[PDB]
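Text of the file coords-v4.pdb, holding PDB, C-alpha atoms:
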```pdb
MODEL        1
ATOM      1  CA  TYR A  98     -25.882 -41.852  -1.799
ATOM      2  CA  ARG A  99     -25.321 -38.631  -3.729
ATOM      3  CA  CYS A 100     -21.551 -38.194  -3.885
ATOM      4  CA  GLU A 101     -22.030 -34.479  -3.303
ATOM      5  CA  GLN A 102     -19.207 -32.060  -4.056
ATOM      6  CA  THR A 103     -17.500 -30.721  -0.936
ATOM      7  CA  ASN A 104     -15.698 -27.470  -1.731
ATOM      8  CA  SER A 105     -12.350 -27.177   0.027
ATOM      9  CA  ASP A 106     -10.468 -24.001  -0.834
ATOM     10  CA  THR A 107      -7.341 -22.483   0.682
ATOM     11  CA  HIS A 108      -5.453 -19.343  -0.295
ATOM     12  CA  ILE A 109      -2.146 -17.835   0.802
ATOM     13  CA  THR A 110      -1.941 -14.107   0.145
ATOM     14  CA  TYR A 111       1.220 -12.732  -1.431
ATOM     15  CA  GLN A 112       1.822 -10.412   1.513
ATOM     16  CA  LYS A 113       1.720 -13.302   3.979
ATOM     17  CA  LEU A 114       3.682 -15.438   1.520
ATOM     18  CA  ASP A 115       6.512 -12.954   1.011
ATOM     19  CA  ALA A 116       6.456 -11.801   4.627
ATOM     20  CA  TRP A 117       7.396 -15.357   5.666
ATOM     21  CA  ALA A 118       9.913 -15.936   2.897
ATOM     22  CA  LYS A 119      12.628 -16.580   5.494
ATOM     23  CA  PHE A 120      11.588 -20.254   5.535
ATOM     24  CA  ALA A 121      12.618 -22.420   2.593
ATOM     25  CA  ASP A 122       9.539 -24.638   2.899
ATOM     26  CA  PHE A 123       6.660 -22.423   4.017
ATOM     27  CA  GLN A 124       4.442 -23.495   1.124
ATOM     28  CA  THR A 125       5.354 -27.137   1.708
ATOM     29  CA  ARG A 126       4.611 -26.971   5.422
ATOM     30  CA  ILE A 127       1.267 -25.251   4.986
ATOM     31  CA  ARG A 128       0.399 -27.806   2.292
ATOM     32  CA  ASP A 129       0.953 -30.738   4.630
ATOM     33  CA  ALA A 130      -1.042 -29.037   7.367
ATOM     34  CA  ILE A 131      -3.927 -28.506   4.952
ATOM     35  CA  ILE A 132      -3.793 -32.127   3.780
ATOM     36  CA  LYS A 133      -4.056 -33.389   7.337
ATOM     37  CA  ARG A 134      -6.717 -30.822   8.219
ATOM     38  CA  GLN A 135      -8.743 -32.137   5.281
ATOM     39  CA  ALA A 136      -8.534 -35.624   6.736
ATOM     40  CA  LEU A 137      -9.923 -34.226   9.978
ATOM     41  CA  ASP A 138     -12.590 -32.455   7.937
ATOM     42  CA  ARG A 139     -13.596 -35.785   6.422
ATOM     43  CA  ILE A 140     -13.966 -37.259   9.903
ATOM     44  CA  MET A 141     -15.720 -34.213  11.330
ATOM     45  CA  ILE A 142     -18.187 -33.890   8.462
ATOM     46  CA  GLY A 143     -18.933 -37.598   8.685
ATOM     47  CA  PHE A 144     -19.960 -37.214  12.317
ATOM     48  CA  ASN A 145     -20.963 -33.602  12.952
ATOM     49  CA  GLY A 146     -22.450 -33.165   9.491
TER      50      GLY A 146
ATOM     51  CA  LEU B  50      18.906   4.071 -11.924
ATOM     52  CA  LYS B  51      22.119   2.427 -13.098
ATOM     53  CA  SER B  52      23.990   4.155 -10.272
ATOM     54  CA  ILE B  53      21.395   3.244  -7.629
ATOM     55  CA  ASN B  54      22.272  -0.002  -5.908
ATOM     56  CA  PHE B  55      20.149  -3.143  -6.118
ATOM     57  CA  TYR B  56      20.128  -6.028  -3.672
ATOM     58  CA  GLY B  57      18.312  -9.342  -3.513
ATOM     59  CA  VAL B  58      17.470  -9.381   0.183
ATOM     60  CA  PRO B  59      15.167 -12.381   0.817
ATOM     61  CA  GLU B  60      13.228 -10.684   3.619
ATOM     62  CA  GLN B  61      10.229  -8.374   3.448
ATOM     63  CA  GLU B  62      11.427  -6.178   6.319
ATOM     64  CA  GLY B  63      14.791  -5.687   7.977
ATOM     65  CA  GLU B  64      17.080  -3.302   9.803
ATOM     66  CA  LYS B  65      20.507  -1.903   8.999
ATOM     67  CA  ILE B  66      22.983  -1.965  11.889
ATOM     68  CA  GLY B  67      26.048   0.262  11.933
ATOM     69  CA  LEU B  68      28.620  -0.013  14.687
ATOM     70  CA  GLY B  69      30.472   3.285  14.910
ATOM     71  CA  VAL B  70      32.108   4.386  18.149
ATOM     72  CA  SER B  71      31.077   6.521  21.113
ATOM     73  CA  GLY B  72      33.795   9.125  20.585
ATOM     74  CA  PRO B  73      37.459   9.737  21.372
ATOM     75  CA  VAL B  74      39.455   6.626  22.124
ATOM     76  CA  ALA B  75      43.159   7.183  22.618
ATOM     77  CA  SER B  76      43.924   8.479  26.094
ATOM     78  CA  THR B  77      47.077   7.920  28.109
ATOM     79  CA  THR B  78      46.650   6.796  31.703
ATOM     80  CA  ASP B  79      49.047   7.151  34.613
ATOM     81  CA  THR B  80      49.403   3.376  34.839
ATOM     82  CA  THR B  81      51.877   3.675  37.718
ATOM     83  CA  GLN B  82      49.309   5.106  40.155
ATOM     84  CA  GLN B  83      46.083   4.634  38.178
ATOM     85  CA  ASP B  84      44.225   1.799  36.510
ATOM     86  CA  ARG B  85      43.901   1.750  32.740
ATOM     87  CA  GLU B  86      40.225   2.694  32.549
ATOM     88  CA  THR B  87      38.358   0.903  29.756
ATOM     89  CA  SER B  88      35.166   2.161  28.101
ATOM     90  CA  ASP B  89      33.034   0.501  25.437
ATOM     91  CA  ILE B  90      32.849   2.164  22.029
ATOM     92  CA  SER B  91      30.172   0.682  19.784
ATOM     93  CA  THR B  92      27.150   2.852  18.996
ATOM     94  CA  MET B  93      25.071   0.224  17.206
ATOM     95  CA  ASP B  94      22.468   2.396  15.512
ATOM     96  CA  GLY B  95      19.612   0.622  13.797
ATOM     97  CA  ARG B  96      17.799   1.755  10.676
ATOM     98  CA  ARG B  97      14.716   0.089   9.203
TER      99      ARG B  97
ATOM    100  CA  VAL C  31      18.695  -1.443  19.440
ATOM    101  CA  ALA C  32      16.828  -4.706  19.094
ATOM    102  CA  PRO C  33      18.655  -8.032  19.394
ATOM    103  CA  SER C  34      15.920  -8.942  16.974
ATOM    104  CA  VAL C  35      14.780 -12.519  17.365
ATOM    105  CA  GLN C  36      15.658 -15.569  15.302
ATOM    106  CA  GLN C  37      12.567 -17.550  14.303
ATOM    107  CA  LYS C  38      12.283 -21.249  13.466
ATOM    108  CA  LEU C  39       9.189 -22.755  11.860
ATOM    109  CA  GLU C  40       7.409 -25.720  13.412
ATOM    110  CA  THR C  41       4.019 -27.228  12.617
ATOM    111  CA  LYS C  42       1.618 -27.571  15.523
ATOM    112  CA  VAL C  43       0.376 -31.119  15.061
ATOM    113  CA  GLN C  44      -3.313 -31.482  14.247
ATOM    114  CA  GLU C  45      -5.350 -34.396  15.562
ATOM    115  CA  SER C  46      -4.156 -37.647  14.040
ATOM    116  CA  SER C  47      -6.585 -39.001  11.439
ATOM    117  CA  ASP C  48      -5.569 -42.654  11.743
ATOM    118  CA  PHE C  49      -9.256 -43.442  12.270
TER     119      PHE C  49
ATOM    120  CA  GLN D 292     -16.504 -40.375  -6.924
ATOM    121  CA  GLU D 293     -13.166 -41.492  -8.326
ATOM    122  CA  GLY D 294     -12.187 -38.853 -10.830
ATOM    123  CA  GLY D 295     -13.803 -36.148  -8.712
ATOM    124  CA  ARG D 296     -10.506 -35.651  -6.861
ATOM    125  CA  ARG D 297     -10.230 -32.258  -8.514
ATOM    126  CA  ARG D 298      -7.066 -30.367  -7.601
ATOM    127  CA  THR D 299      -6.531 -26.965  -9.186
ATOM    128  CA  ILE D 300      -3.668 -24.644  -8.254
ATOM    129  CA  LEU D 301      -5.094 -21.305  -9.377
ATOM    130  CA  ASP D 302      -2.234 -18.869  -8.843
ATOM    131  CA  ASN D 303      -4.715 -16.015  -8.692
ATOM    132  CA  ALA D 304      -2.346 -13.098  -9.176
ATOM    133  CA  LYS D 305      -5.397 -10.949  -9.933
ATOM    134  CA  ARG D 306      -6.067 -10.949  -6.187
ATOM    135  CA  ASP D 307      -2.416 -11.584  -5.200
ATOM    136  CA  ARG D 308      -3.542 -14.854  -3.652
ATOM    137  CA  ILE D 309      -2.149 -18.209  -4.653
ATOM    138  CA  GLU D 310      -5.110 -20.557  -4.366
ATOM    139  CA  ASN D 311      -5.905 -24.245  -4.188
ATOM    140  CA  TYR D 312      -9.306 -25.646  -5.125
ATOM    141  CA  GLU D 313      -9.449 -29.090  -3.546
ATOM    142  CA  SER D 314     -12.891 -30.101  -4.731
ATOM    143  CA  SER D 315     -13.871 -33.579  -3.626
ATOM    144  CA  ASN D 316     -16.997 -35.617  -4.274
ATOM    145  CA  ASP D 317     -17.842 -37.751  -1.247
ATOM    146  CA  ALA D 318     -20.713 -39.726   0.246
ATOM    147  CA  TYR D 319     -20.917 -40.933   3.834
ATOM    148  CA  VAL D 320     -22.573 -44.336   4.033
ATOM    149  CA  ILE D 321     -23.253 -47.043   6.566
ATOM    150  CA  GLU D 322     -23.114 -50.361   4.746
ATOM    151  CA  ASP D 323     -25.655 -52.089   6.996
ATOM    152  CA  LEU D 324     -27.927 -50.403   9.507
ATOM    153  CA  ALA D 325     -28.298 -53.683  11.395
ATOM    154  CA  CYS D 326     -25.030 -53.091  13.276
ATOM    155  CA  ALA D 327     -25.301 -49.302  13.542
ATOM    156  CA  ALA D 328     -26.832 -48.113  16.780
ATOM    157  CA  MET D 329     -26.569 -44.684  18.324
ATOM    158  CA  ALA D 330     -27.188 -42.704  21.475
ATOM    159  CA  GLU D 331     -27.801 -38.969  21.373
ATOM    160  CA  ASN D 332     -28.417 -36.307  24.033
ATOM    161  CA  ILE D 333     -26.344 -38.033  26.716
ATOM    162  CA  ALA D 334     -26.734 -35.839  29.787
ATOM    163  CA  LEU D 335     -23.539 -36.956  31.532
TER     164      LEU D 335
ATOM    165  CA  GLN E 292      12.741  -9.170  -2.213
ATOM    166  CA  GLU E 293      14.157 -11.303  -4.996
ATOM    167  CA  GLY E 294      12.119 -14.465  -5.107
ATOM    168  CA  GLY E 295       9.171 -12.410  -3.898
ATOM    169  CA  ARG E 296       8.885 -10.869  -7.377
ATOM    170  CA  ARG E 297       5.835 -12.189  -9.231
ATOM    171  CA  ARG E 298       5.474 -11.909 -13.019
ATOM    172  CA  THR E 299       2.414 -14.057 -13.661
ATOM    173  CA  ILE E 300       0.985 -14.061 -17.190
ATOM    174  CA  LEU E 301      -2.736 -14.731 -16.802
ATOM    175  CA  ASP E 302      -4.217 -15.389 -20.248
ATOM    176  CA  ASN E 303      -7.617 -13.954 -19.381
ATOM    177  CA  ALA E 304      -9.528 -15.271 -22.365
ATOM    178  CA  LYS E 305     -12.735 -14.149 -20.646
ATOM    179  CA  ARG E 306     -12.003 -10.601 -21.859
ATOM    180  CA  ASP E 307      -9.981 -11.343 -25.024
ATOM    181  CA  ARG E 308      -6.999 -10.064 -23.153
ATOM    182  CA  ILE E 309      -3.529 -10.982 -21.944
ATOM    183  CA  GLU E 310      -2.804  -9.886 -18.388
ATOM    184  CA  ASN E 311       0.702  -9.320 -17.041
ATOM    185  CA  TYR E 312       0.675  -8.906 -13.252
ATOM    186  CA  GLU E 313       4.172  -7.973 -12.113
ATOM    187  CA  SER E 314       4.311  -7.387  -8.393
ATOM    188  CA  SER E 315       7.543  -6.248  -6.826
ATOM    189  CA  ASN E 316       8.674  -5.747  -3.248
ATOM    190  CA  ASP E 317      10.700  -2.553  -2.907
ATOM    191  CA  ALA E 318      12.234  -0.610  -0.014
ATOM    192  CA  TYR E 319      13.643   2.783  -0.875
ATOM    193  CA  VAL E 320      16.366   3.394   1.674
ATOM    194  CA  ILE E 321      19.356   5.639   2.254
ATOM    195  CA  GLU E 322      22.503   3.719   3.105
ATOM    196  CA  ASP E 323      24.045   6.656   4.975
ATOM    197  CA  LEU E 324      21.960   9.442   6.499
ATOM    198  CA  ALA E 325      25.015  11.606   7.142
ATOM    199  CA  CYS E 326      25.546  11.844   3.369
ATOM    200  CA  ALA E 327      21.928  12.714   2.626
ATOM    201  CA  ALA E 328      20.464  16.182   3.097
ATOM    202  CA  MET E 329      17.609  17.827   1.244
ATOM    203  CA  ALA E 330      15.817  21.135   0.927
ATOM    204  CA  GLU E 331      12.041  21.105   0.630
ATOM    205  CA  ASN E 332       9.872  23.961  -0.647
ATOM    206  CA  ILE E 333      12.527  26.132  -2.249
ATOM    207  CA  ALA E 334      10.639  29.353  -2.880
ATOM    208  CA  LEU E 335      12.359  30.714  -5.987
TER     209      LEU E 335
ENDMDL
END
```
Starting from the coordinates I provided, produce the structure as C-alpha cells.
Amino acid sequence: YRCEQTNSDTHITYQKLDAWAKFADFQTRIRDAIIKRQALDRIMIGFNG
Amino acid sequence: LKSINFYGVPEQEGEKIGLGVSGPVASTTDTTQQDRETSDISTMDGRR
Amino acid sequence: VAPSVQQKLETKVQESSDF
Amino acid sequence: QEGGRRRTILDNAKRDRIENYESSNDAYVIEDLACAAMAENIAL
Amino acid sequence: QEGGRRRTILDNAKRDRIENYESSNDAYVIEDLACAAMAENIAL
C-alpha cells in the first residue's frame, strides 16, 4: 500500500477576503468548512477513487 | 495629506447617507378652519 | 436610496463524515 | 503516513492569495478480502 | 479598510531579494459635493 501523497490546496484571495471583512470569523468559518470537506474527500476518494 | 481625512472603515464598499430636507418648513396654517398639513422633509441622498 | 441589506454569515452544513 | 500530515500556511502575498497546503499521505486498504464483497453495475 | 492592509515581508531567498508587498484598500471620496467644483482643460 503506497501511502501516496494527496494534494489538498485551498486559497482565499485578498479581494474576496477583504470584501467579506464584515464578519469577525470568516477565515475561521471557511477553515472549518474545509476541514469537514476534507473528511468527505477522504470518504469519496476511498470509494469513487 | 495631513489635512486630508483618514478613516478606518472596516468595509470594502459602502455608501454615505445625508438626510437634508425637502425645502421650506415653517408655514402658518389657518388651524381654525383648516387642518395643520404635515409634509415629510428628509431627502436621504446616497453616495458611494 | 437603498435600505441596503444586513447580512449574517451561516455555514451550509456539508454531509456528516461520522462514517 | 504519520508525519506526512503536512500543513503549510503560505500567505502568498505575491499573488494576493493566502494559501493552505494540506498535503496528506494516505493509503486505502481492506484488511482482509475474505469479508469484502461487492456488486457493481446495479441496473435498478 | 484598516485591517485589510497587508504588509507582508516575503524573504524571497530564491532571488537573493527581500520583498515587501504592501497592499492597501483606498477609496478617494468627497465628503460634500456642494463644496467641490473643478475646472478641467483650462486653455491658458
Open item on the list: With the PyMOL selection byres ((chain A and resi 114-117) around 12) as the selection, what would be picked from this file? Answer as a PyMOL selection string, please.
Closed with: (chain A and resi 108-113+118-127) or (chain B and resi 58-63) or (chain C and resi 37-39) or (chain D and resi 307-310) or (chain E and resi 292-297+314-317)
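You will find atom CA of residue B:71 at 22.2 Å from atom CA of residue E:321.
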Enumerate, in order of chain and increasing residue number, the residues of chain E with an atom no farther than 10 Å from chain D, each with its shortest atom pair and distance in Å to one decimal, counting only C-alpha atoms, as JSON lines.
```
{"residue": "E:297", "atom": "CA", "partner": "D:304", "partner_atom": "CA", "distance": 8.2}
{"residue": "E:298", "atom": "CA", "partner": "D:304", "partner_atom": "CA", "distance": 8.8}
{"residue": "E:299", "atom": "CA", "partner": "D:304", "partner_atom": "CA", "distance": 6.6}
{"residue": "E:300", "atom": "CA", "partner": "D:304", "partner_atom": "CA", "distance": 8.7}
{"residue": "E:301", "atom": "CA", "partner": "D:304", "partner_atom": "CA", "distance": 7.8}
{"residue": "E:310", "atom": "CA", "partner": "D:305", "partner_atom": "CA", "distance": 8.9}
{"residue": "E:311", "atom": "CA", "partner": "D:304", "partner_atom": "CA", "distance": 9.2}
{"residue": "E:312", "atom": "CA", "partner": "D:304", "partner_atom": "CA", "distance": 6.6}
{"residue": "E:313", "atom": "CA", "partner": "D:304", "partner_atom": "CA", "distance": 8.8}
{"residue": "E:314", "atom": "CA", "partner": "D:307", "partner_atom": "CA", "distance": 8.5}
```
Fit result for chain E on chain D over all paired C-alpha atoms, given as an mmCIF file with C-alpha atoms, in the frame of the given file:
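Just written: out-v3.cif:
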```
data_model
loop_
_atom_site.group_PDB
_atom_site.id
_atom_site.type_symbol
_atom_site.label_atom_id
_atom_site.label_comp_id
_atom_site.auth_asym_id
_atom_site.auth_seq_id
_atom_site.Cartn_x
_atom_site.Cartn_y
_atom_site.Cartn_z
ATOM 1 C CA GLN E 292 -16.207 -40.072 -6.827
ATOM 2 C CA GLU E 293 -12.633 -40.687 -7.895
ATOM 3 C CA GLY E 294 -12.111 -38.823 -11.123
ATOM 4 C CA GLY E 295 -14.636 -36.286 -9.873
ATOM 5 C CA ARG E 296 -12.006 -34.936 -7.460
ATOM 6 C CA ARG E 297 -10.728 -31.527 -8.568
ATOM 7 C CA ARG E 298 -7.451 -30.061 -7.276
ATOM 8 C CA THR E 299 -7.029 -27.029 -9.515
ATOM 9 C CA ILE E 300 -4.189 -24.629 -8.698
ATOM 10 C CA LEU E 301 -5.337 -21.212 -9.904
ATOM 11 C CA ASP E 302 -2.386 -18.811 -9.739
ATOM 12 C CA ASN E 303 -4.530 -15.765 -9.038
ATOM 13 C CA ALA E 304 -1.915 -13.112 -9.684
ATOM 14 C CA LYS E 305 -4.690 -10.511 -9.497
ATOM 15 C CA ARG E 306 -4.471 -10.725 -5.689
ATOM 16 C CA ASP E 307 -0.810 -11.756 -5.252
ATOM 17 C CA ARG E 308 -2.109 -15.106 -4.196
ATOM 18 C CA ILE E 309 -2.001 -18.809 -4.983
ATOM 19 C CA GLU E 310 -5.389 -20.504 -4.855
ATOM 20 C CA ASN E 311 -5.851 -24.228 -4.265
ATOM 21 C CA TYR E 312 -9.446 -25.298 -4.945
ATOM 22 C CA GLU E 313 -9.833 -28.938 -3.948
ATOM 23 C CA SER E 314 -13.372 -30.141 -4.424
ATOM 24 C CA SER E 315 -14.284 -33.646 -3.385
ATOM 25 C CA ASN E 316 -17.402 -35.757 -3.779
ATOM 26 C CA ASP E 317 -18.146 -37.675 -0.587
ATOM 27 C CA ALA E 318 -20.971 -39.918 0.633
ATOM 28 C CA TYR E 319 -20.845 -40.887 4.278
ATOM 29 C CA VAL E 320 -22.628 -44.213 4.475
ATOM 30 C CA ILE E 321 -23.042 -47.157 6.815
ATOM 31 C CA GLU E 322 -22.387 -50.484 5.136
ATOM 32 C CA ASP E 323 -24.579 -52.397 7.592
ATOM 33 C CA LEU E 324 -27.384 -50.750 9.555
ATOM 34 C CA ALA E 325 -27.813 -53.777 11.809
ATOM 35 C CA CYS E 326 -24.297 -53.170 13.166
ATOM 36 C CA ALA E 327 -24.856 -49.463 13.758
ATOM 37 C CA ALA E 328 -26.740 -48.076 16.744
ATOM 38 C CA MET E 329 -26.318 -44.744 18.480
ATOM 39 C CA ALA E 330 -27.522 -42.818 21.496
ATOM 40 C CA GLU E 331 -28.256 -39.125 21.086
ATOM 41 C CA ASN E 332 -28.546 -36.573 23.896
ATOM 42 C CA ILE E 333 -27.034 -38.560 26.741
ATOM 43 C CA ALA E 334 -27.950 -36.453 29.751
ATOM 44 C CA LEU E 335 -25.067 -37.135 32.135
#
```
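Atom pair atom CA of residue B:52 / atom CA of residue E:324: separated by 17.7 Å.
Relative to atom CA of residue E:328, atom CA of residue B:96 is found at 16.5 Å.
Using the ChimeraX specification (/B :<10) & /C on this structure selects residues 31, 32 and 34 of chain C.
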Open item on the list: Which residues would end up in the selection if the ChimeraX specification (/C :<8) & /A were applied here, given that I need the answer as a ChimeraX atom specification?
Closed with: /A:120,126,130,133-134,136-137,140
